[PDB]
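Participant: Provided herewith is a single structure, encoded as structure tokens, for subsequent inquiry.
What follows is calculated from the coordinates using simple rules that are stated; it is not laboratory data. Heads up, the Cβs are rebuilt from the backbone with ideal geometry, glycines too, and the neighbour counts pull from every protein chain shown.
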Amino acid sequence: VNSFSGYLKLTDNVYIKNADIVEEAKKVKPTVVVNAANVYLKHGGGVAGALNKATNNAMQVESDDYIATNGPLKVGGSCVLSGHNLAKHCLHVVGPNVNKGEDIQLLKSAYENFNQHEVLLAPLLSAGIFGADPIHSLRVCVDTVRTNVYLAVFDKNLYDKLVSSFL
Ligand SMILES: O=C(O)C[C@H]1C[C@H](CNC(=O)c2cc3ccsc3cn2)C1
């Protein structure tokens, strides 16, 4: 038993809700919140900009130190940093950005990072400003992630669509 509420169960291990991932994080304090990161950990917009703002920019400060020490992530890769006031940990995961021409097949590699964590609150990778089809992203998520994933979908319209087109 865990503290997640109002989720619709999609599969054995995937759950989905219409929700702002920022507010869901502040209420659940999950062990892991996933950020829709880029390779530079520059949290300007989308989910990343919203999560970072909710940390009063502490996420960005920590991220800049990480990059200065380690260099950029790989597309499809991840790193674990602090969750600040939102979670114990933030798993920064880089899905391919279609608006940068990145290979959508790397989306499966990106979701594989979730398997290193038993439970996660997460957005749909490569959705929103990353330009991929959220329905596709959901299919890859269901077919790749084996751990328990609680997906927060900000847009109510998108959500209802994802649900009603789900197989
Ligand atoms: O437009 C569509 O069809 C769907 C797109 C994908 C979804 C991306 N979500 C975000 O950027 C996001 C923004 C913010 C802002 C404050 S909290 C928050 C959570 N998330 C909207």
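Participant: So in the stretch 134-164, with the set limited to residues that are part of a loop (DSSP other than H, G, I, E, B) and within 13 Å of the ligand (Cβ to nearest atom), which one is nearest to the chain's Cα centre (by Cα)?
Facilitator: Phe154
Participant: Consider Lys88 carefully, then state whether it is of a type outside the set (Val, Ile, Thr), within 20 Å of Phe4 (Cβ to Cβ), out of contact with any helix residue (DSSP H, G or I) (no Cβ under 8 Å at 6 or more places or on another chain) and surrounded by fewer than 23 Cβ atoms within 10 Å (Cβ to Cβ).
Facilitator: Yes.
Participant: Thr147 fails exactly one of the following numbered conditions: (1) touching a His at 6+ places or on another chain (Cβ under 8 Å); (2) closer than 17 Å to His43 by Cα; (3) of a type outside the set (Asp, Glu). What is the number of that condition?
Facilitator: Going through the list (1) touching a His at 6+ places or on another chain (Cβ under 8 Å); (2) closer than 17 Å to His43 by Cα; (3) of a type outside the set (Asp, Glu), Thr147 breaks only (2).
Participant: Got at least one residue in the stretch 12-26 being over 28 Å from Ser165 (Cα atoms), within 16 Å of the ligand (Cβ to nearest atom), surrounded by fewer than 19 Cβ atoms within 10 Å (Cβ to Cβ) and in contact (Cβ under 8 Å) with a residue 60 or more places away in the chain?
Facilitator: Checked the stretch 12-26: at least one residue is over 28 Å from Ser165 (Cα atoms), within 16 Å of the ligand (Cβ to nearest atom), surrounded by fewer than 19 Cβ atoms within 10 Å (Cβ to Cβ) and in contact (Cβ under 8 Å) with a residue 60 or more places away in the chain.
Participant: Evaluate the stretch 121-133: report whether one residue or more is crowded, with 21+ Cβ neighbours inside 10 Å, within 16 Å of the ligand (Cβ to nearest atom), part of a helix (DSSP H, G or I) and aromatic (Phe, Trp, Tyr).
Facilitator: The answer is yes, given that some residue of the stretch 121-133 is crowded, with 21+ Cβ neighbours inside 10 Å, within 16 Å of the ligand (Cβ to nearest atom), part of a helix (DSSP H, G or I) and aromatic (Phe, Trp, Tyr).
Participant: Out of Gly101, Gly76, which single residue is crowded, with 19+ Cβ neighbours inside 10 Å, farther than 22 Å from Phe154 by Cβ and not hydroxyl-bearing (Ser, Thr, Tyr)?
Facilitator: Just a single option satisfies the conditions, and that option is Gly76.
Participant: Okay, moving on. Closer than 14 Å to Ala36 by Cβ and over 12 Å from the mean Cα position of the chain (by Cα), is that true of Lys100?
Facilitator: Criteria met by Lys100.
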